[PDB]
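Report on the structure given below.
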Amino acid sequence: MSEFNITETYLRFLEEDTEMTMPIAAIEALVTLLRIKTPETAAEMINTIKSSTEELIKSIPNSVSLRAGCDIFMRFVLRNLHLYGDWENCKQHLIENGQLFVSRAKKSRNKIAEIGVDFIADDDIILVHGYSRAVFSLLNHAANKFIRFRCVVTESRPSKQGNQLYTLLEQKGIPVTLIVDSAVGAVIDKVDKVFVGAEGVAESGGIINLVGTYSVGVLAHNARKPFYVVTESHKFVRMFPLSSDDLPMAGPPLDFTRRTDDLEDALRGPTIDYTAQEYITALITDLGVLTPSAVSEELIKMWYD
Amino acid sequence: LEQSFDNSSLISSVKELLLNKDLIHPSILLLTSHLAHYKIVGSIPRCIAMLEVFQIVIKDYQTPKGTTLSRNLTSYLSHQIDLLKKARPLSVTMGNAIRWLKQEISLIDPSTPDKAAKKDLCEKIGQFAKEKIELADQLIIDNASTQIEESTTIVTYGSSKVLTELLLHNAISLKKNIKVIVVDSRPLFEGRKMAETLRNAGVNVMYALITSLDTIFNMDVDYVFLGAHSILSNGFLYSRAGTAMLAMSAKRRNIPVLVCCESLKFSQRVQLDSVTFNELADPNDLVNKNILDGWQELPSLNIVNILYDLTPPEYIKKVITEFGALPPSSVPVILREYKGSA
């Protein structure tokens, strides 16, 4: 009898497929929590799932996609707790709704492409940043559409993700180079469109993914090239920062301590930046193309009370 | 009357001087009626035309009885200037030629038998048109031809003055591939004069208009060249109007802007606002029972046009002159070290 906390349920099926990502894995674990542990009373169910979400955030704090999944699960159990079935059917009604995310959010990524293929037009040199697999889910259907384009992939120092794209869509058959991440300003005068992928959307439209998407965003603004971001609808999160600095990793982004003998010195600054709403200009979700004030309204309506 | 700019007296529209006080040359009356009626010119075409009509008016001396040639010719030639002053306000290629010409009148000595006057004014003004215009432009060609790669495009504006020969040189005499886009404006359709010549020589010209200026820059495009009427002391360009919109659009869409100019054309004066020192140009030309007749006799209507306005020096990436390339903020060093002294 599993306890669903850390790895007795969650981290097992992350090794089943390296295509499922973190937040829908969190959705799958949280629905299979109360799919079995349903002790016929509406009180301790919500206590169990709130305890489970807080210990799962307590497992890995610096992967804020997890917070997005573990909080839209609370929105799911709140709205499915609504319609007021007196808990007599909801013990069966909520769990038969249940797996509609793993039948729904799993097949959201081609629904992204079905509305985002009509962005990359003919002969567009494209800049992507980091292994954001929804961007590749758009680009796969774009190359299957037989449309002519070129791609440029940045480095993802120190998180290594930029080396994956050049070994991902090269074998699909797209002419692609791998620029280094510092060389954006000398090339973004030539890049037609730039895509990124978020690990979170704030309450105004923000990109909380990686090391330097604020840098490539402010390069996109002072080259006046359109800065799109491909995401999907399990990436909304309540966390609305105000600076370019989020929750810390373990200390401040500006360390000034002493290296003892030979410890690592690359990851000493920040690793997850923030982008304001001005630098993004259109984001892609399951809900269509979505201007950032629309994503602000969409995350302002389902989070108030 | 809210800005009162239409009553700017920097041009006077008075015409028909009937006064026979001076011997006005009939060739200079042809030149003034050729300028002001149907404008066929840029700036250095006006400079070469003025210079090679002053050539003829010094070749036809007709000196008076008791006056030495050193004591009449500047007043005579200034009264020759006054008819062009009535016709069209002067360029800096007008002014920096005529003040040089008066300084070279000044250093003549009262011993010329009016036979070597040809040999030290005709030949010397031919050396001026050689040196400060034509071989200077040859240096412009030989300096700007190294800054164009093959298989690129060029967006000029209006009628060029020097860089028509640059486009012809890089098209035919160096045979590298090039796709010139010429764009001009109402009412002086002078980009068509470049388009006829360049396409007659056989280069890929693609004419346009300045209203459709957006769709030029959404193609594969770089290297905006610009002819200059003058370059001010700050770095502000000064040329035919509508230059600055494609200048700011070109700097906005991060593709470079150049200005082919020469050291005769730099100016001592200074301004930063566009409608400060400027030329009003004959508002009957903006009509062609017509579309409207009579802006006059209708209360509260006006028709304005502008020939000259300023690009700010943030936009020009590179002014090129016959000494070399330079940032536009550094034009006073060639105001002080090379203009006049060379």
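Starting from 1 in every chain, residues are counted up; chains themselves are A, B, ... following the order of the structure tokens, and ligands are numbered from 1 as listed.
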
Please report as JSON lines every residue of chain B lying within 8 Å of chain A, along with the nearest atom pair and their distance in Å (one decimal), using only C-alpha atoms.
{"residue": "B:252", "atom": "CA", "partner": "A:224", "partner_atom": "CA", "distance": 7.8}
{"residue": "B:253", "atom": "CA", "partner": "A:224", "partner_atom": "CA", "distance": 7.0}
{"residue": "B:254", "atom": "CA", "partner": "A:189", "partner_atom": "CA", "distance": 6.4}

Neighbours of segment 97-113 of chain B within 7 Å (only C-alpha atoms; same-chain residues fewer than 4 positions away dropped), as a list in words?
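Here the answer would be residues 68, 70, 74, 93 and 117 of chain B.
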
Restricting it to N, CA, C and O atoms, dump the selection as a short mmCIF file (atom, residue, chain, number, x, y, z; two decimals), in the first residue's frame.
data_model
loop_
_atom_site.label_atom_id
_atom_site.label_comp_id
_atom_site.auth_asym_id
_atom_site.auth_seq_id
_atom_site.Cartn_x
_atom_site.Cartn_y
_atom_site.Cartn_z
N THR B 68 39.21 99.03 -62.39
CA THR B 68 40.08 97.87 -62.51
C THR B 68 39.26 96.60 -62.29
O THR B 68 38.22 96.62 -61.62
N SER B 70 39.92 94.13 -60.46
CA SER B 70 39.88 93.75 -59.06
C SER B 70 38.87 94.55 -58.24
O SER B 70 38.66 94.22 -57.07
N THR B 74 33.42 91.59 -57.96
CA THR B 74 32.68 91.00 -56.85
C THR B 74 31.29 91.61 -56.73
O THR B 74 30.33 90.89 -56.45
N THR B 93 26.58 74.16 -51.07
CA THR B 93 27.45 74.03 -52.23
C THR B 93 27.39 75.26 -53.11
O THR B 93 28.32 75.50 -53.88
N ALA B 117 43.50 86.83 -67.15
CA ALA B 117 42.36 86.70 -66.24
C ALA B 117 41.62 85.39 -66.48
O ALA B 117 41.17 84.74 -65.53
#

Could I get the residues of segment 52-152 of chain A with an atom no further than 12 Å from an atom of segment 227-233 of chain A, each paired with its nearest atom pair and that distance in Å to one decimal, using only C-alpha atoms, sorted by chain and residue number, as a tab-separated table?
residue	atom	partner	partner_atom	distance
A:65	CA	A:233	CA	11.5
A:68	CA	A:233	CA	9.9
A:69	CA	A:233	CA	9.8
A:72	CA	A:233	CA	9.6
A:101	CA	A:233	CA	11.1
A:104	CA	A:233	CA	10.7
A:105	CA	A:233	CA	8.1
A:106	CA	A:232	CA	10.6
A:107	CA	A:232	CA	10.8
A:108	CA	A:232	CA	7.3
A:109	CA	A:232	CA	7.3
A:110	CA	A:232	CA	10.4
A:111	CA	A:232	CA	9.3
A:112	CA	A:232	CA	7.1
A:113	CA	A:230	CA	9.4
A:115	CA	A:230	CA	10.8
A:116	CA	A:230	CA	8.3
A:117	CA	A:230	CA	11.1
A:119	CA	A:228	CA	9.5
A:120	CA	A:228	CA	10.7
A:126	CA	A:227	CA	10.6
A:127	CA	A:227	CA	9.6
A:128	CA	A:229	CA	9.4
A:129	CA	A:229	CA	10.1
A:130	CA	A:229	CA	11.8
A:131	CA	A:230	CA	11.7
A:132	CA	A:230	CA	8.2
A:133	CA	A:231	CA	8.9
A:134	CA	A:231	CA	6.1
A:135	CA	A:230	CA	5.7
A:136	CA	A:230	CA	9.4
A:137	CA	A:230	CA	9.5
A:138	CA	A:230	CA	8.2
A:139	CA	A:230	CA	10.5

Contacts of segment 232-301 of chain B with segment 186-193 of chain B up to 10 Å, shortest pair per row, only C-alpha atoms, as a tab-separated table:
residue	atom	partner	partner_atom	distance
B:240	CA	B:188	CA	9.7
B:241	CA	B:186	CA	9.8
B:242	CA	B:186	CA	9.6
B:285	CA	B:187	CA	6.7
B:286	CA	B:187	CA	6.6
B:287	CA	B:187	CA	9.4
B:288	CA	B:187	CA	8.9

Within 10 Å of residue 54 of chain B using only C-alpha atoms, minus same-chain residues under 2 positions, as a list in words
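Neighbouring residues, sequence-local ones excluded: residues 25, 27, 28, 48, 49, 50, 51, 52, 56, 57, 58, 59, 60, 77, 80, 81, 98, 101, 122 and 125 of chain B.
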
Got a sec to tell me which of segment 193-244 of chain A DSSP assigns to helix (DSSP H, G or I), as number ranges by chain?
A: 213-221

Could you name the residues that touch residue 303 of chain A at 9 Å or less, counting only C-alpha atoms, but leaving out those on the same chain fewer than 4 positions away, as a PDB file with N, CA and C atoms, in the first residue's frame?
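The result, stored in part_35.pdb:
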ATOM      1  N   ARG A  75      -6.981  23.701  -7.657  1.00  0.00           N
ATOM      2  CA  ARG A  75      -8.079  24.334  -8.388  1.00  0.00           C
ATOM      3  C   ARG A  75      -9.031  23.303  -8.994  1.00  0.00           C
ATOM      4  N   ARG A 238       0.700  30.791  -9.058  1.00  0.00           N
ATOM      5  CA  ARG A 238       0.313  31.988  -8.325  1.00  0.00           C
ATOM      6  C   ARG A 238       1.486  32.939  -8.109  1.00  0.00           C
ATOM      7  N   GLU A 298      -6.835  35.608 -17.064  1.00  0.00           N
ATOM      8  CA  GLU A 298      -7.113  34.191 -16.873  1.00  0.00           C
ATOM      9  C   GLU A 298      -6.503  33.673 -15.582  1.00  0.00           C
ATOM     10  N   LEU A 299      -5.373  34.228 -15.159  1.00  0.00           N
ATOM     11  CA  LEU A 299      -4.829  33.859 -13.863  1.00  0.00           C
ATOM     12  C   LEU A 299      -5.312  34.804 -12.766  1.00  0.00           C
TER      13      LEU A 299
END

With only C-alpha atoms as the atoms that count, which of A:272, A:121, A:266, A:294 lies nearest to residue 209 of chain A?
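Of A:272, A:121, A:266, A:294, the one nearest residue 209 of chain A, counting only C-alpha atoms, is A:272.
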
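We find atom CA of residue 219 of chain B and atom CA of residue 184 of chain A to be spaced 21.8 Å apart.
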
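Omitting residue 244 of chain A and its sequence neighbours fewer than 4 positions away, and counting only C-alpha atoms, the residues within 12 Å are residues 206, 207, 208, 211, 212, 213, 214, 215, 240, 248, 253, 270, 271, 272, 273, 274, 275, 276 and 277 of chain A.
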
Produce a file of the selected residues containing C-alpha atoms, as a CSV table (one decimal), in the first residue's frame.
chain,number,residue,atom,x,y,z
A,206,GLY,CA,6.2,36.2,-17.0
A,207,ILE,CA,8.8,33.7,-18.0
A,208,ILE,CA,10.2,32.0,-14.9
A,211,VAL,CA,19.0,31.4,-16.6
A,212,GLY,CA,18.8,34.1,-19.2
A,213,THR,CA,15.4,34.5,-20.9
A,214,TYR,CA,15.3,38.0,-19.5
A,215,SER,CA,18.5,38.7,-21.4
A,240,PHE,CA,4.0,36.8,-8.9
A,248,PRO,CA,16.1,31.9,-4.0
A,253,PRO,CA,21.9,35.4,-6.5
A,270,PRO,CA,21.1,32.8,-10.3
A,271,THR,CA,19.6,30.1,-12.4
A,272,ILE,CA,15.9,31.1,-12.8
A,273,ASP,CA,15.3,34.7,-13.9
A,274,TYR,CA,12.1,36.6,-14.5
A,275,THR,CA,10.7,38.5,-17.5
A,276,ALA,CA,8.2,41.3,-17.2
A,277,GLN,CA,5.0,41.5,-19.3

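The shell of residues at most 10 Å from residue 173 of chain A, with only C-alpha atoms counted and near chain neighbours (fewer than 4 positions) removed, consists of residues 143, 168 and 169 of chain A.
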
Find the residues near residue 91 of chain A: any atom within 12 Å, counting only C-alpha atoms, skip ones fewer than 4 places away on the same chain, and give them as number ranges by chain.
A: 34-42, 45, 77, 80-81, 84-87, 95-98

Mind the document's chain letters and residue numbers, and return as a compact mmCIF listing (two decimals) with N, CA and C atoms, in the first residue's frame the residues of segment 86-314 of chain B that DSSP labels strand (DSSP E).
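Writing the result to part_37.txt gives the following:
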# COMPACT_ATOMS: atom_id res chain seq x y z
N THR B 152 23.64 42.03 -52.29
CA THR B 152 22.92 42.76 -51.25
C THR B 152 22.00 43.79 -51.90
N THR B 153 21.26 44.50 -51.06
CA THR B 153 20.37 45.54 -51.53
C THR B 153 20.81 46.89 -51.00
N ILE B 154 20.32 47.95 -51.65
CA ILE B 154 20.59 49.33 -51.27
C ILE B 154 19.26 50.07 -51.33
N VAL B 155 18.96 50.85 -50.31
CA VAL B 155 17.79 51.71 -50.31
C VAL B 155 18.29 53.15 -50.31
N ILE B 178 23.87 43.25 -56.90
CA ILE B 178 23.31 44.34 -56.11
C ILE B 178 21.88 44.56 -56.59
N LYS B 179 21.00 44.95 -55.66
CA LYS B 179 19.57 45.14 -55.95
C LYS B 179 19.12 46.47 -55.35
N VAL B 180 19.20 47.53 -56.14
CA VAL B 180 18.93 48.87 -55.65
C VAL B 180 17.42 49.07 -55.52
N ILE B 181 16.98 49.58 -54.37
CA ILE B 181 15.61 50.03 -54.17
C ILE B 181 15.62 51.55 -54.10
N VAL B 183 13.42 54.98 -53.65
CA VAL B 183 12.16 55.47 -53.11
C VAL B 183 12.20 56.99 -53.13
N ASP B 184 11.10 57.61 -53.52
CA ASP B 184 11.05 59.07 -53.62
C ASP B 184 9.69 59.54 -53.12
N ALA B 208 9.81 52.45 -55.66
CA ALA B 208 8.75 52.35 -54.67
C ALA B 208 8.21 53.75 -54.39
N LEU B 209 7.36 53.86 -53.38
CA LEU B 209 6.99 55.15 -52.85
C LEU B 209 7.10 55.13 -51.33
N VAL B 224 21.21 51.27 -46.10
CA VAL B 224 20.55 52.46 -46.59
C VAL B 224 21.59 53.54 -46.85
N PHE B 225 21.68 54.00 -48.09
CA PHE B 225 22.50 55.15 -48.44
C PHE B 225 21.63 56.38 -48.53
N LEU B 226 22.23 57.54 -48.29
CA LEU B 226 21.49 58.80 -48.30
C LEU B 226 22.36 59.89 -48.89
N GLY B 227 21.84 60.58 -49.90
CA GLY B 227 22.49 61.79 -50.37
C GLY B 227 22.23 62.93 -49.40
N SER B 230 23.43 69.09 -46.92
CA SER B 230 24.48 69.61 -46.05
C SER B 230 24.52 68.76 -44.80
N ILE B 231 25.64 68.82 -44.10
CA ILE B 231 25.78 68.21 -42.78
C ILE B 231 26.13 69.32 -41.81
N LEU B 237 21.90 65.71 -40.13
CA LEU B 237 21.86 65.72 -41.58
C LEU B 237 20.85 66.75 -42.05
N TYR B 238 20.91 67.08 -43.33
CA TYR B 238 20.03 68.07 -43.91
C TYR B 238 19.94 67.72 -45.38
N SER B 239 18.76 67.34 -45.85
CA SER B 239 18.61 66.82 -47.21
C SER B 239 17.17 67.00 -47.64
N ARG B 240 16.79 66.37 -48.76
CA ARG B 240 15.42 66.47 -49.25
C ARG B 240 14.48 65.78 -48.29
N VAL B 257 22.76 52.81 -41.76
CA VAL B 257 22.47 54.00 -42.56
C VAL B 257 23.80 54.67 -42.88
N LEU B 258 24.01 55.00 -44.15
CA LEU B 258 25.20 55.73 -44.54
C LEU B 258 24.81 57.03 -45.22
N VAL B 259 25.75 57.97 -45.25
CA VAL B 259 25.59 59.22 -45.97
C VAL B 259 26.84 59.46 -46.79
N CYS B 260 26.70 59.49 -48.11
CA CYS B 260 27.80 59.84 -48.99
C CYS B 260 27.81 61.35 -49.16
N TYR B 308 13.27 70.53 -46.80
CA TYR B 308 14.45 70.21 -46.03
C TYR B 308 14.09 69.90 -44.59
N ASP B 309 14.55 68.75 -44.08
CA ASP B 309 14.42 68.45 -42.66
C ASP B 309 15.54 67.52 -42.22

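Nearest to residue 212 of chain B of all the residues B:250, B:185, B:194, B:232 is B:185, counting only C-alpha atoms.
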